[PDB]
Amino acid sequence: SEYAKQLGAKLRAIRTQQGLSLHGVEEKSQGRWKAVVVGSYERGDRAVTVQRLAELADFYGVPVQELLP
């Protein structure tokens, strides 16, 4: 729970850092990443899979390790 919490704190830190809001992600990604889904990752309310995390890190353009708590 705490881990999920802190993981989502970084998922948010990277997203906002490149100036994108949650709606921004859904739009730029042509709908592959739904704001709803990404938000729930950022609040630790929904658990991302390691696979899925790997793709996000790619979409954002950062080393996937960096998103780990």
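Annotations
- Every listed requirement among (1) part of a helix (DSSP H, G or I); (2) exposed (fewer than 14 other Cβ atoms within 10 Å of the Cβ); (3) of a type in the set (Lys, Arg) is met by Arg32 save one, (1).
- Looking across the stretch 10-29 at every residue that is touching a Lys or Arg at 6+ places or on another chain (Cβ under 9 Å) and among the small types (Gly, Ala, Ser), the one that is surrounded by the most Cβ atoms within 10 Å (Cβ to Cβ) is identified as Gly24.
- Matching entry among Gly8, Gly19, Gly39, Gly44 (being touching a helix residue (DSSP H, G or I) at 6+ places or on another chain (Cβ under 6 Å), in a loop (DSSP other than H, G, I, E, B) and not basic (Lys, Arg)): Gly44
- Close pairs from the stretch 38-59: first over 13 Å from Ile14 (Cα atoms), partner of a type in the set (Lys, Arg) and in a loop (DSSP other than H, G, I, E, B), Cβ under 8 Å, at least 6 apart: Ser40/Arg46
- Residues in the stretch 47-69 that are surrounded by 14 or more Cβ atoms within 10 Å (Cβ to Cβ), assigned to a helix (DSSP H, G or I) and over 10 Å from the mean Cα position of the chain (by Cα): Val64 only.
- Test for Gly44: is it touching a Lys or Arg at 6+ places or on another chain (Cβ under 8 Å) and surrounded by 11 or more Cβ atoms within 10 Å (Cβ to Cβ): yes
Don't worry about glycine lacking a Cβ; one is built from the backbone with ideal geometry, like all the others, and counts go over all protein chains shown. None of the figures in this text is laboratory data; all of them are computed from the coordinates on show.
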